[PDB]
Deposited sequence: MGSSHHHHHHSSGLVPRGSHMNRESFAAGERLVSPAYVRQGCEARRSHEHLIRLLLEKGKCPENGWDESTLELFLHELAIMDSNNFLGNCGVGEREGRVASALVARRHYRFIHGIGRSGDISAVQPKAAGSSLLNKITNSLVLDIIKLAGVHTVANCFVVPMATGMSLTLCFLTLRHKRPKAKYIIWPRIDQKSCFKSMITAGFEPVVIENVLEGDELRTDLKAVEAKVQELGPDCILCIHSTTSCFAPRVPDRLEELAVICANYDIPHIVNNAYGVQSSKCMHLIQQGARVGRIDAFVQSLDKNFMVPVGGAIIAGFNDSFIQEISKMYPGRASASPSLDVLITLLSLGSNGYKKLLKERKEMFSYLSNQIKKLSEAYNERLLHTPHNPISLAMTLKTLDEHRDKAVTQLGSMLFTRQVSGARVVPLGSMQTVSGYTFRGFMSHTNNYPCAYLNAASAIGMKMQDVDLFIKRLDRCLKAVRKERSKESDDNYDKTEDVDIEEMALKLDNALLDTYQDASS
């Protein structure tokens, strides 16, 4: 029954090794260098969860929001964190009914701030995780700016053909002013002259902010943030940066750091899933003025989900800063490999890799040898890649017209009205493996052969199943 050496022999001795990793986390708020063992991580989460009042043993609840859970499957999959984050008046305020969830939220934001520094923006002052994706999080930035600039109606926006970040300004109730890009070689870049010309035409007081973008599909490249930040500093206009998946790119993060160094960056927003390999649904709002970032936080009404914060807390504690650095290194290596592989394949089909050296993530291969008008070969290629279980291979044909929330885009998906050619997108994002590139190259090869010929074990099953899906669509 007993065999009891007081509490336990090693019950606190080797347990001390776990507590000291936890104590170092709470004291300095930094990512562990090497990842925690699963046992340490789950011991930490279990001890946090029992701090929440809904998990108290002697608790009784007479309110309308007591964190009750009907399904045990639901309660266990969330590690018994039910109360979310924040209070009804402040999403950043400690919740007296959920001290464990509040500590979870504070530690997660501290870990994320640490990662943003090592990723490239060392002068970041403040950040917080918000359980909305990047589009809605950009909207929250604009909603906050409205009260600071009540006469403003326009958001000046260098064009990028992505529906979420475009709609974010309309959802916030402002009028986007689409600044077309300038073609420099193969690259589409910021028209700094047109941006400043529009500021003078409309008047700075009528401008809510300038909305720039770093991460993007080639042949677009990250915006000229340093020059845009200087324009924003000179005319006293807020600068909001869409950095959706730029955390994984030291080049993108350094553009942000330099923009804040020489000019004005009020906030930059990044997706959680794209930069940390977690489910879709969360984002980080970061900036350099602590007071302003807290203003955006206080703009949020009501409590919020703790699930995205828990996901990234688990991820960073398991990976460590070394594990994340390793993922960033391999992403750079896989970009070179993917670039070289596309160079080799495009040569064999009389295509080429578009020359986009300023885009460190996305690549583009021309599709000039395909006739979309007659054979619809460009659209056929995208469908054949899809049925062959290639995902993320974005096909951009010429002359696509698209209306988004009443605004009509010419040459939609190409970020400009008349790009020289149609092309295919591919990218080296965090977590990509060599198998992804090799299978993509192999399957793109077969698709290019089949479309050019049509104008004139499990591998064959994926091919046989693709032929059935191809014929069903036809």
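Open item on the list: List the gaps, meaning deposited-sequence segments with no CA coordinates, ordered along the sequence.
Closed with: Deposited residues absent from the model fall in 1 to 30, 487 to 495, 514 to 521.
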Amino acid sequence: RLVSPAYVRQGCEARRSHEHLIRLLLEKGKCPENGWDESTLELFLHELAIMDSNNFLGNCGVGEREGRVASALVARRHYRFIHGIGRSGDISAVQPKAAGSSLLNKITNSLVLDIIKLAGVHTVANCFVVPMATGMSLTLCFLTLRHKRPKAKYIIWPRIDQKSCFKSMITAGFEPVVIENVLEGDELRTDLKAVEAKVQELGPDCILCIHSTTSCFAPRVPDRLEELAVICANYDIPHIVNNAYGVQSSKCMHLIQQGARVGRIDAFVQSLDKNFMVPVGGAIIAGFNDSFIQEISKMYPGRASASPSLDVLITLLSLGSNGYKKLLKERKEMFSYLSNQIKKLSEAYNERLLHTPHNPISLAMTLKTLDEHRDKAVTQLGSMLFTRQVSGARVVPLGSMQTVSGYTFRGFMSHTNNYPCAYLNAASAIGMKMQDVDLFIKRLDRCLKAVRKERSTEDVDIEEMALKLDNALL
From here on, numbers count along this sequence of modelled residues.
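Task: Check: residue 90 without coordinates in a third or more of other entries - done: Other entries vs residue 90: at least a third skip it.
Task: Residue range whose averaged C-alpha B-factor is higher in the record, 24 to 32 or 443 to 451 - done: Averaging CA B-factors over each stretch, the winner is 443 to 451.
Task: Higher-B stretch (mean Cα B-factor, as the entry records it), 78 to 86 or 288 to 296 - done: Looking at the record's C-alpha B-factors, the answer is 288 to 296.
TODO: Tell me, please, which of 437, 427, 49, 70 has the highest C-alpha B factor according to the deposited entry?
DONE: Highest C-alpha B-factor among the listed options: 437.
TODO: Just grab whichever of 99, 398, 132, 314 has the top CA B-factor as deposited.
DONE: Max CA B-factor in the entry, restricted to 99, 398, 132, 314: 398.
Open item on the list: What third of the chain does residue 273 rank in for C-alpha temperature factor, lowest, middle or highest?
Closed with: Within its chain, residue 273 is a lowest-third residue by C-alpha B-factor, going by the deposited values.
Open item on the list: Ranking the modelled residues of this chain by C-alpha B-factor as given in the entry, is residue 348 in the lowest, middle or highest third?
Closed with: Its C-alpha B-factor, which the entry lists for residue 348, ranks in the middle third among residues of this chain.
TODO: Select lowest, middle or highest to describe the third in which the CA B-factor of residue 431 falls within its chain in this entry.
DONE: Its C-alpha B-factor belongs to the lowest third of this chain's values.
Open item on the list: Quick check on the deposited entry: does the C-alpha B-factor of residue 410 sit in the lowest, middle or highest third of its chain?
Closed with: Its C-alpha B-factor belongs to the highest third of this chain's values.
Open item on the list: Going by the CA temperature factor in the PDB record, which third of the chain does residue 122 belong to: lowest, middle or highest?
Closed with: Middle third of the chain for residue 122's C-alpha B-factor.
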